[PDB]
Amino acid sequence: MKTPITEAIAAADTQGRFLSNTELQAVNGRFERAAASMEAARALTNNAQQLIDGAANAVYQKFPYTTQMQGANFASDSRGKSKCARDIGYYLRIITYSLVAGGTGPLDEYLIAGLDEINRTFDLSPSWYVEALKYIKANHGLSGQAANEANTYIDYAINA
Amino acid sequence: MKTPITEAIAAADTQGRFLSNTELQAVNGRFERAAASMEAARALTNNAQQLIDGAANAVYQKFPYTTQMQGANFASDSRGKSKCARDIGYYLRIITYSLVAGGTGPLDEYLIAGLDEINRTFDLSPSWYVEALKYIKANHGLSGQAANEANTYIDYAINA
Amino acid sequence: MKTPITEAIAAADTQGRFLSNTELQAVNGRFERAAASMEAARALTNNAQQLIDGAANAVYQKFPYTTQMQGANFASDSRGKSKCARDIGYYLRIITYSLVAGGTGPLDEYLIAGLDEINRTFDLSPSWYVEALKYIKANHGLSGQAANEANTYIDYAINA
Amino acid sequence: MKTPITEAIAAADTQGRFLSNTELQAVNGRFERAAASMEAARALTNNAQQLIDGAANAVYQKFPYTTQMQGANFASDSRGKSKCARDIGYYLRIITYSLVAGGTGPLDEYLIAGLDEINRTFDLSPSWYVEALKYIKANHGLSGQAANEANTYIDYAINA
Amino acid sequence: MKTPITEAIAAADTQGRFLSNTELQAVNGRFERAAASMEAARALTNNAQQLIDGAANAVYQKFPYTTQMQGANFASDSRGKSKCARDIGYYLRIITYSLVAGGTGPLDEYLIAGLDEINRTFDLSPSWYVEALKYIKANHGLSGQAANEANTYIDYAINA
Amino acid sequence: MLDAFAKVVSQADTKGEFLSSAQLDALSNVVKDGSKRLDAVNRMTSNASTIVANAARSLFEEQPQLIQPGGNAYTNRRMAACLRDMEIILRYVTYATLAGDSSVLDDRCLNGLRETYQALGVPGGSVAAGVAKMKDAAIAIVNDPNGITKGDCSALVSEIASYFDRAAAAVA
Amino acid sequence: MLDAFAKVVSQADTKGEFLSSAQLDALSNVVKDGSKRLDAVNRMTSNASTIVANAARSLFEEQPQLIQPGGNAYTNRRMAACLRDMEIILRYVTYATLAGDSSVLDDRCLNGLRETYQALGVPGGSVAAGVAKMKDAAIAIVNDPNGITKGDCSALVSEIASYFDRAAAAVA
Amino acid sequence: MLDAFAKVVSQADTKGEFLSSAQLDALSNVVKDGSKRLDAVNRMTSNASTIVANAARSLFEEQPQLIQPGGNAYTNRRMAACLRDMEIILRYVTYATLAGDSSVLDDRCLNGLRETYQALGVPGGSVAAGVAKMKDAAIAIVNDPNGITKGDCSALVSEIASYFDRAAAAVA
Amino acid sequence: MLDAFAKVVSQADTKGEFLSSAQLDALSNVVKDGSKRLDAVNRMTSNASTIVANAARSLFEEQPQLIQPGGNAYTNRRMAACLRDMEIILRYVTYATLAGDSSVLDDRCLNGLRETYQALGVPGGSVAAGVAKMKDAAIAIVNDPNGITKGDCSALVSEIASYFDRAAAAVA
Ligand SMILES: *[C@H](C)[C@H]1/C(=C/c2[nH]c(/C=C3N=C(/C=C4\NC(=O)C(CC)=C4C)C(C)=C\3CCC(=O)O)c(CCC(=O)O)c2C)NC(=O)[C@@H]1C
Ligand SMILES: *[C@H](C)[C@H]1/C(=C/c2[nH]c(/C=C3N=C(/C=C4\NC(=O)C(CC)=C4C)C(C)=C\3CCC(=O)O)c(CCC(=O)O)c2C)NC(=O)[C@@H]1C
Ligand SMILES: *[C@H](C)[C@H]1/C(=C/c2[nH]c(/C=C3N=C(/C=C4\NC(=O)C(CC)=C4C)C(C)=C\3CCC(=O)O)c(CCC(=O)O)c2C)NC(=O)[C@@H]1C
Ligand SMILES: *[C@H](C)[C@H]1/C(=C/c2[nH]c(/C=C3N=C(/C=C4\NC(=O)C(CC)=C4C)C(C)=C\3CCC(=O)O)c(CCC(=O)O)c2C)NC(=O)[C@@H]1C
Ligand SMILES: *[C@H](C)[C@H]1/C(=C/c2[nH]c(/C=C3N=C(/C=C4\NC(=O)C(CC)=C4C)C(C)=C\3CCC(=O)O)c(CCC(=O)O)c2C)NC(=O)[C@@H]1C
Ligand SMILES: *[C@H](C)[C@H]1/C(=C/c2[nH]c(/C=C3N=C(/C=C4\NC(=O)C(CC)=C4C)C(C)=C\3CCC(=O)O)c(CCC(=O)O)c2C)NC(=O)[C@@H]1C
Ligand SMILES: *[C@H](C)[C@H]1/C(=C/c2[nH]c(/C=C3N=C(/C=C4\NC(=O)C(CC)=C4C)C(C)=C\3CCC(=O)O)c(CCC(=O)O)c2C)NC(=O)[C@@H]1C
Ligand SMILES: *[C@H](C)[C@H]1/C(=C/c2[nH]c(/C=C3N=C(/C=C4\NC(=O)C(CC)=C4C)C(C)=C\3CCC(=O)O)c(CCC(=O)O)c2C)NC(=O)[C@@H]1C
Ligand SMILES: *[C@H](C)[C@H]1/C(=C/c2[nH]c(/C=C3N=C(/C=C4\NC(=O)C(CC)=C4C)C(C)=C\3CCC(=O)O)c(CCC(=O)O)c2C)NC(=O)[C@@H]1C
Ligand SMILES: *[C@H](C)[C@H]1/C(=C/c2[nH]c(/C=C3N=C(/C=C4\NC(=O)C(CC)=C4C)C(C)=C\3CCC(=O)O)c(CCC(=O)O)c2C)NC(=O)[C@@H]1C
Ligand SMILES: *[C@H](C)[C@H]1/C(=C/c2[nH]c(/C=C3N=C(/C=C4\NC(=O)C(CC)=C4C)C(C)=C\3CCC(=O)O)c(CCC(=O)O)c2C)NC(=O)[C@@H]1C
Ligand SMILES: *[C@H](C)[C@H]1/C(=C/c2[nH]c(/C=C3N=C(/C=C4\NC(=O)C(CC)=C4C)C(C)=C\3CCC(=O)O)c(CCC(=O)O)c2C)NC(=O)[C@@H]1C
Ligand SMILES: *[C@H](C)[C@H]1/C(=C/c2[nH]c(/C=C3N=C(/C=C4\NC(=O)C(CC)=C4C)C(C)=C\3CCC(=O)O)c(CCC(=O)O)c2C)NC(=O)[C@@H]1C
């Protein structure tokens, strides 16, 4: 997968030479940022359910028709609510995967490459999930550069 | 531009021969459908302003936050309302162009090839215009195959 | 074979997409013309024998030497008359095939691709069959656009 | 032009060498046959007008409709008769050219390369000229190998 | 092998067509010259031994050292005389082959392609055989065009 | 590739006889129902995504292990690939319905597809179930009498459903 | 390459306004005469050889030095080339008549043709005369009221003749 | 590729001896009949279509299922292909007759042809019958004493017929 | 490339008339002298080396500075090149004599040759002298009455000599 360490190793191997000081500097940057990355991952994983429920309720309050109109693509009943909670859980799970890995690799590979055909086929509007991710970004409770990192990847998620 | 007649003529010319009976049959189909196409174009052009205002009001009632939240990308003031009416006017104008031409050519060339970068840059959600076009489709007052033709191109518009 | 419907389907398949409105318009033209095409086919099939005999007699009256000169390539005896009736029957049969199919496909495939070597080898002059087809065209008893269609394909037959 | 002598010279020149005994044998054959070729040319040129008139009358007797039906493509009046005599004169002139040159060169170059489009456009049936050339072949008054040579090129003319 | 008839047939076959009048003229030249060619072949074959002995004696009188100097490459003894008679016999045999075939084919294929290495290796001077062939040319007893043909091929032999 | 007219013309040419009144009547009936056929093709193509969505919903409802961890489509890749497959099969069904003959669907799609699915490890039975649910949804949507002129489309519905069992039987 | 609909749509898009009732009425009239237009195109294409023959007959009748020894077409090659040229020009006229716009005829045929003819030494004036005679013959043949339903085709005849003077003026 | 002269020269060279009076006499007889041979070749090539027509007429007369529905040539394609085959075989027979040797006909035509015909499913026996009828027609046409100088062509007729049985035996 | 027959046929076709009795008589005379022409061509080609040797001997005899140190051919290369040039010119003269027309000699050899010689610095006047000596030697050898049947070859000698002055004037 596309991590900075694997990319450095592949660059070093393609030229058949030992590791240079530049690659060790890059791995040093990765190691120093991994502390904030892991703090953000741990926080987002511990408060997962609260964030899921808050995001679902934010979606319902922002787009009220989703709770009123009949039809299978809506959350008018319990089945729709559970599917939506599962979806937001998938989103949060893959963003935490990407935070753990330290790059956009997991987001590029497990979510974004297939999201468009899925959303067109089942008539799911991307703005619902955009609003959910905006809520999660505004209510994750992180502070400082760890929060900055989380917001970086959340904005990566926003550009669906 | 991509019209059935121009496509038939180009097919006939590329092989350096006179027009065949198949191309005349196709042009006959075009001529017979052009009656309904022109009826739909005339109707949509005459009732343009009523449709524009109704679509704007439908957008406001369906997404109420667009009238409440401050910010330049919203229709909280008169400038936003006028810009939105202009936008829906552009949409209706190009759909009538396509109805007149008898193909997706004008929609492919004047709107869809650039809509995505425009909407991402100015933070305009496509579902607003989707709802506007749905209203226009449900309230154009056409009946029969002319209405069917209009709805065909409106659904072409929906798949933004 | 080369029919408008098969050509439309192949055009749609080569680009791996659903059928467009242009192809449905073309198939509509095909379906609307198929009524006259089938009327002409039915008429030419019912009055087949009368047309065959009239065309044979027209050939005999127009080129009298064909009934007088001895030689195997002529119709001086019963064998020649029967062969000529069979030939005109082949011509009419393949023109009705083409009228049924709605294109020049059957005429291009079953008759024209081999007629020239056949006629040179057995010393059969094309003007005999030209005159037979001219008689058939002048005496098929069809009226209106069905007759026009029949005459279209008869003129296709004339350009041997 | 394509004569045996020019072909031999070009073959000898393409290999940059003197003339071989084979090419001199071929030129010897050409010189020995040129006596009969020139005799046939002289005879066909002297009796040109008699042959033209006899061929025209043979065409009229064989295809009587050409003298009866009205229409510009027929010989119902003096203009048609004069055009037909001119045409048969062109045919005889080019066959004598080919007899003089000793090969199919003039027939390939001045007549056959354009005869087909001419005959289709002006609705002239090739069998008329076929019958004219058959008459000329049966009534040229030549005897022996000179007649054989003339008939060779006349049969070349027949395969229009 | 390279004969005029085989060359004509190969030319006709390479273009996939029937034989033209030019090739029949060439074969006619071949057939007319084959009479003189066969007369010359028969004469040279009947008087073979007289010609061989006369040519050997001419060589001995013209280059007397060949009868005087010791050494294996000379004709100082009976073995040398017999080898020289055999050699001149080979020469005459292949020239008669070429006269029979009607072309330089046999001379090109059976003698000239290997004569040079043979003569260099065994220290045989070509002028001996040149003088032998000159004698044969001056003493073959042929008259007219048959003699001319024989001399043609003898001169072909001279250019060793 | 053949349509009905081409098939009839070929079968009559191989026997060397004029068209019988039976074949003429059948082709005239095809011509008369051509407009209903165009209606079916247009409605099936312009509502393709809804048909696929309904079919997928039913299939995942009755076989939920398909969308559970460890299942054969528990990811964006396999989900999108299944939906692509379903849209492909529906597209070729629309081809066969417009042509009025199954030759294109059999020759270009149903040849070697069964081998492909068992070589890939995709369970063909669930594919056949999804195809049958597509048949049900498509027939439900085509017969919708709203927005159209009243009339009989039973023959076309039977023919389209016949195409569907041909598709389902080619992978079951 | 433009037709009437495409030209109107482009001219309305460059100005940014809806179609006026004038343009709508004009295009509706084009639609109403579409069947007459198809009749004209079919009759002109299926009788092309007779039109060419009549035009050539007239041209050689009034300018006989063309077909006399030393003339500019006294051979099978030049005769066939002239007839090919004439059939080409008639074919492009049929294109423009079916399209209802002269853009294809002007852009793909009438551009650089005049330079070609004077560079080749072919007298352009006689070409223009032959084109005018084609116009006369084609209009005579199109208006033939036999074998057809009675009706007014005067607008189409005027338009086709306008195409013909555009063709004749591009080489004169 | 060999002719008679080349064959005799090769066979005499491989043995290393001068030509015997027998071979000289045989080749002189070939030379003497060269003009008759040219007459045969010219008449056979310039009347090729009539020979093919007569042969085909006889073959279809005695085996009519060939030209009946379901037969092995009931179409323009197969008819034209059979006529092409027949013209090819006659052309190679004319080659062998002009060469005075069967080497070209055996090596370039009769090698692998029998395998071709049974691999294609064409019944070789009827091909052999058509070849025999070609032999009969060609010999009838060659011996026609009209328009020519009286003389004996029996040796050439025997040789040409020998070529014909060689051709017929290579496919029977 | 033209011969006499082709030239006459072209000139008669460009005027559109039958051959006059004058041209027929001229071509019949060409046919009658064809055998003398073949004799001239055969003797000139099979004795080419002797002709070249005589011409070179005369040229070096009257212009000895050519073969003296500092001259324009004082080496194996330049000597062999001069002899190659001379054999080439004689070969093209034999071509023109067999064809009975100078078109091949003028178009393929005498075009641009004069420019070549002055660009190379080879003195063209001595080349013309050598060509004239070739003419003298060739005419001497052709008229040799030994070994042949008595007859008049004066017209051919005049024609061949005319070719020679055409060759000599193209480089002088
Ligand atoms: C919730 C925010 C809104 C919404 C939810 C909803 N979804 C469905 C069905 C599906 N959701 C997905 C999304 C994914 N599955 C994956 O594996 C991945 C990658 C991590 C994603 C992004 C998919 C594929 C489906 C269809 C298949 C399935 O059910 O699993 C429904 C039901 C709609 C229907 O049955 O037609 C709903 C309601 N809808 C809302 O209204 C919420 C606002
Ligand atoms: C109205 C439905 C909603 C909306 C409207 C809105 N638009 C802007 C600005 C823009 N709209 C467009 C769209 C187009 N211009 C074209 O030429 C075409 C092709 C036909 C299209 C589709 C563009 C390009 C802009 C930006 C440039 C411009 O102003 O013209 C605004 C102002 C936003 C801002 O200033 O940042 C608004 C409000 N917003 C809503 O809330 C309505 C629901
Ligand atoms: C009748 C109009 C004139 C004519 C007829 C005639 N034909 C023959 C023989 C043949 N006719 C054909 C034509 C076809 N066969 C096919 O399969 C097709 C494609 C549909 C065509 C067009 C052929 C192939 C033959 C030769 C083989 C055969 O007999 O079937 C004859 C007999 C001539 C002879 O035996 O040499 C005749 C008389 N001749 C006239 O005079 C009529 C005016
Ligand atoms: C006479 C046998 C039949 C026939 C003659 C006829 N011809 C025309 C017109 C033309 N004839 C030719 C033929 C040639 N011109 C050439 O340069 C060459 C190459 C040597 C040939 C073969 C052409 C080109 C024409 C048209 C142009 C012209 O007139 O010169 C007519 C008049 C037809 C008309 O005006 O439409 C006629 C009558 N018609 C018969 O009925 C005779 C049996
Ligand atoms: C006789 C004119 C002069 C000459 C003859 C001589 N030859 C040899 C040996 C050889 N001669 C040949 C020539 C050929 N053999 C072929 O197959 C062919 C192709 C038709 C040719 C032209 C060869 C190959 C040889 C060497 C092999 C052999 O002996 O056959 C000798 C003996 C020389 C020696 O033994 O070294 C002689 C004497 N010599 C004279 O003085 C005569 C004037
Ligand atoms: C969805 C209903 C079922 C299923 C689908 C699935 N498919 C793959 C991969 C492939 N699907 C196809 C089918 C076609 N390709 C064509 O071109 C055509 C005709 C035009 C057809 C019918 C093919 C060839 C493949 C392999 C190559 C490719 O993927 O493009 C997968 C992925 C398997 C994996 O990742 O291991 C899936 C999941 N899965 C289900 O659960 C449904 C039963
Ligand atoms: C069958 C599934 C349902 C149904 C069909 C039905 N339609 C009519 C009306 C028509 N629909 C068309 C279709 C087209 N015209 C075009 O130009 C195009 C491509 C752009 C299409 C797809 C047509 C031509 C007609 C007839 C004219 C009209 O407007 O009515 C009918 C009645 C007329 C007829 O059958 O010919 C029917 C039966 N009706 C049902 O009840 C079925 C559910
Ligand atoms: C006949 C009415 C006149 C005339 C014609 C003539 N043309 C040539 C040669 C050419 N004609 C064209 C024209 C076109 N080529 C194209 O592709 C198109 C558009 C698709 C056009 C309009 C061209 C390009 C040529 C030159 C190349 C070619 O020949 O194909 C000749 C031959 C001239 C000669 O042989 O010297 C003639 C005679 N001659 C007349 O007398 C009429 C006035
Ligand atoms: C104008 C040059 C002349 C003329 C035209 C005319 N025609 C009608 C009849 C019709 N002709 C068509 C043409 C086609 N239908 C097809 O499918 C095809 C391609 C295979 C063609 C070319 C049509 C559709 C009609 C209408 C239906 C019918 O059969 O009548 C009319 C009267 C109807 C109308 O105008 O729409 C007219 C005027 N009549 C003249 O007098 C002019 C000389
Ligand atoms: C006609 C007398 C018989 C017969 C003929 C027939 N042939 C085919 C196809 C082929 N014929 C050949 C023969 C040759 N090709 C060569 O190049 C040469 C030598 C130069 C020969 C002798 C070949 C190779 C083929 C196959 C490839 C091709 O067609 O060109 C057919 C068509 C079979 C079909 O369509 O299924 C036929 C009918 N049929 C008869 O009934 C006669 C007995
Ligand atoms: C044998 C099949 C028949 C036959 C032959 C025959 N012909 C002559 C006459 C001659 N035929 C030719 C042939 C040609 N000269 C050429 O230039 C060409 C190519 C253009 C050919 C094909 C020749 C040269 C002659 C001899 C001269 C003459 O004109 O007579 C004869 C008698 C003379 C002879 O045999 O040499 C014969 C026997 N006669 C029959 O009865 C057979 C049926
Ligand atoms: C000898 C009579 C005179 C002369 C000859 C000379 N030539 C060169 C070089 C050249 N000669 C030619 C002539 C031809 N080449 C062709 O292909 C043809 C027609 C088929 C001709 C007529 C050419 C092209 C050259 C230059 C290229 C080449 O050498 O092949 C030389 C050599 C000059 C030098 O070495 O500086 C000579 C000497 N010299 C004399 O003294 C005679 C007057
Ligand atoms: C003119 C330069 C001298 C001359 C010529 C002459 N020759 C004859 C004899 C003949 N020469 C030939 C030539 C050939 N026959 C062939 O097959 C070949 C190629 C291998 C050639 C080159 C021929 C055919 C003849 C006629 C038959 C014969 O053997 O005699 C004559 C008299 C006959 C005639 O002119 O036709 C003449 C005049 N005689 C001179 O005095 C000039 C010096």
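On to the arrangement of the chains, then. The two units chain C and chain E are non-contacting; their minimal C-alpha-C-alpha distance is 15 Å. The two units chain E and chain F are non-contacting; their minimal C-alpha-C-alpha distance is 33 Å.

Take the interface of chain A and chain F next. With 15 residues of chain A at the contact, the number on the chain F side is 13 residues. Here chain A packs against chain F, burying approximately 1200 Å² in sum over the two surfaces, 57% of which is carbon and sulfur. Here chain A and chain F share one salt bridge between them. A salt bridge links F:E87 to A:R120, with the nearest nitrogen and oxygen atoms 3.2 Å apart. At the boundary of chain A and chain F, one finds three residue pairs in polar contact. Elements that contribute at least two residues to the side of chain A that touches chain F include exactly α5 (78–101) and α6 (105–121) of chain A. With nine residues, the top contributor of residues to the side of chain A that touches chain F is α6(A). Looking at the side of chain A that touches chain F residue by residue, the classes come out as eight nonpolar, two polar and five charged.

Once that is clear, we can look at the interface of chain G and chain B. The interface is formed by 32 residues belonging to chain G together with 33 residues belonging to chain B. When chain G packs against chain B, the two sides together hide about 3000 Å² of surface, and 74% of this comes from carbon and sulfur. Per-residue buried area on chain G facing chain B is highest for G:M1, G:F18 and G:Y95; these three make up 22% of the total on that side. Residues B:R42 and G:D25 are paired through a salt bridge, measuring 2.6 Å at the closest nitrogen-oxygen approach.

Our next topic: the site of ligand 9. The immediate surroundings of ligand 9 are formed by 13 residues, with C:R33, G:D39, G:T149, G:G151 and G:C153 found nearest. Residues lining ligand 9 come from chains B, C and G. At 2.8 Å from a nitrogen atom of ligand 9 is found a side-chain nitrogen or oxygen belonging to G:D39. Interatomic distance of 2.8 Å between a backbone N/O atom of G:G151 and an oxygen atom of ligand 9. In isolation ligand 9 exposes 880 Å². Once the protein is present, 76% of that is buried. With four residues, the single largest contributor to the shell around ligand 9 is helix α3 (residues 34–46) of chain G.

Residues and elements named next belong to chain B. Close to ligand 2 lie 21 residues, the nearest being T66, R79, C84, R86 and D87. Contact between ligand 2 and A75: an oxygen atom at 3.4 Å from a main-chain N or O atom of the residue. Here an oxygen atom of ligand 2 and a side-chain polar atom of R79 are 2.6 Å apart. Counting residues per element, the shell around ligand 2 draws most heavily on helix α5 (residues 78–101), at eight residues. Residue composition of the shell around ligand 2, grouped by class: 14 nonpolar, three polar and four charged.

Looking now at the packing of α5(B) against helix α6 (residues 105–121) of chain B. Packed helices, taken two at a time, are described by the angle their axes make and the gap between the axes. Relative orientation of the contacting elements α5(B) and α6(B) amounts to 150 degrees, with a least axis distance of 8 Å. Judged by residue contacts, B:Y91, B:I94, B:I95, B:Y97, B:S98 and B:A101 of α5(B) engage B:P106, B:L107, B:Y110, B:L111 and B:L115 from α6(B).

Now for a nonpolar patch on the surface. Residues A:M1, A:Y97 and A:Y110 make up a contiguous nonpolar surface patch of about 310 Å² in total accessible area. Within the secondary structure, A:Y110 is located in helix α6.

Attention now goes to helix α2 (residues 21–46) of chain B. For α2(B), built from 26 residues, the straight-helix expectation of 38 Å at 1.5 Å per residue is met to within 8% by its first-to-last C-alpha distance of 38 Å. Within α2(B), the axis deviates most sharply at B:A34, by approximately 35 degrees.

Turning next to the packing of aromatic side chains. Counting across every chain of the model gives 31 aromatic pairs over all chains. Taken together through their ring pairs, the aromatic side chains of A:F63, A:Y65, A:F74, A:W128, B:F63, B:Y65, B:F74 and B:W128 make up a single cluster. One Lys or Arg, E:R30, reaches over the ring of H:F5 and ends 5.2 Å from the middle of that ring.

With twelve residues, helix α2 (residues 21–32) of chain F should cover 16 Å at 1.5 Å per step; its first-to-last C-alpha distance of 16 Å lies within 8% of that length. Taken residue by residue, α2(F) has F:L24, F:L27 and F:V31 as its buried positions. With its buried residues spanning 70 degrees around the axis, α2(F) presents them on a single face. Seen from the open side of α2(F), the exposed residues pointing more than 90 degrees away from its buried face are F:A22 and F:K32. Structurally, α2(F) contributes buried residues whose contacts are with α2 (21–46) and α5 (78–101) of chain C together with α1 (4–15) and α3 (34–46) of chain F.

With that settled, the discussion passes to the pattern of salt bridges. What the rule picks out here adds up to 57 salt bridges over all chains. Here A:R17 and A:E23 are joined by a salt bridge, their closest N and O atoms 3.0 Å apart. Among the ionic pairs, D:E117 bridges to D:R120, the shortest N-O distance being 2.3 Å. In this pair, D:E117 and D:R120 both sit in helix α6 (residues 105–121), three residues apart, roughly one turn of the helix. Classification of D:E117 as partly exposed rests on a relative accessible area of 29%. One salt-bridge network, held together by shared partners, links A:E117, A:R120 and F:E87.

What follows concerns the packing of α5(C) against helix α8 (residues 145–158) of chain C. All names here are of chain C. As a packed pair, α5 and α8 sit with axes 10 Å apart at the nearest point and diverge in direction by 130 degrees. One way to sum up the angle between α5 and α8 is to call them oblique. Seen from above, α5 lies across α8 with right-handed handedness. Mapping the contact onto sequence places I95, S98 and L99 in α5 and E149, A150, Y153, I154 and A157 in α8. Tallied by class, the residues present in the contact of α5 with α8 amount to six nonpolar, one polar and one charged.

Rules of the game
Here the numbering of residues is sequential along each chain, from 1 in written sequence order, and it may depart from the entry's numbering. Residues without coordinates do not appear. For this description, chains carry letters from A and ligands carry numbers from 1, given in the order in which they are written. Here we see only some chains of a larger assembly; the values are for those chains and no others. To obtain the side-chain values, all non-hydrogen atoms of the structure were included, while hydrogens and water were left out. Should any heavy atoms of two residues lie within 4.5 Å, those residues are considered in contact. In this description, buried area is defined as the sum, over both parts, of the accessible area (probe of 1.4 Å) that is lost when the two are combined. A carboxyl oxygen of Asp or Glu within 4 Å of a side-chain nitrogen of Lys or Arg is what we treat as a salt bridge. The definition of a polar contact used here is a pair of N or O atoms within 3.5 Å, where within protein one atom must be able to donate a hydrogen and the other to accept one, and adjacent residues in sequence count solely through side-chain atom pairs. Counting from the N terminus, the helices are DSSP H or I runs at least four residues long and the strands are E runs at least two residues long. Any residue that is not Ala, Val, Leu, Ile, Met, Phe, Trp, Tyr, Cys, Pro, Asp, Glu, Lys or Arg is counted as polar, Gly included; the first ten are nonpolar and the last four charged. Whether a residue is near a molecule or strand depends on its heavy atoms: if one lies within 4 Å, it is near. Values of accessible area rely on a 1.4 Å probe in the Shrake-Rupley scheme; residue burial ignores everything except the protein chains shown. Axis lines are fitted through C-alpha atoms, for helices just across the contact stretch, and the angle between N-to-C directions can take any value from 0 to 180 degrees. Any residue with relative accessible area above 30% and no salt bridge may belong to a patch, with like charges joined within 9 Å and the nonpolar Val, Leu, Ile, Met, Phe, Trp and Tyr side chains within 5 Å. Here a helix's expected span is defined as the number of its residues, less one, multiplied by 1.5 Å. Take the seven residues that end at a residue and the seven that start at it, fit an axis to each, and the angle between those axes is the bend at that residue. Two rings from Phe, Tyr or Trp (for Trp, the six-membered ring) form a pair when their centres sit within 6.5 Å of each other. Planes less than 30 degrees apart are called stacked, planes more than 60 degrees apart edge-to-face, and all others tilted. A ring is considered to have a charge above it if a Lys NZ or an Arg CZ atom is located within 6 Å of its centre and within 35 degrees of its normal. Accessible area is worked out with a 1.4 Å probe on protein chains only. A residue is then buried under 20% of its type maximum, exposed over 50%, and partly exposed in between. By arc we mean the arc of the directions from the helix axis to the C-beta atoms, nothing more. In these notes the angle categories are as follows: under 35 degrees is roughly parallel, over 145 is roughly antiparallel, 65 to 115 is roughly perpendicular, and the rest is oblique. Crossing handedness: left-handed means the near helix sits turned counterclockwise from the far one by under a right angle, and right-handed means the same turn made clockwise.

Purely spatial values, then, with no claim about function.
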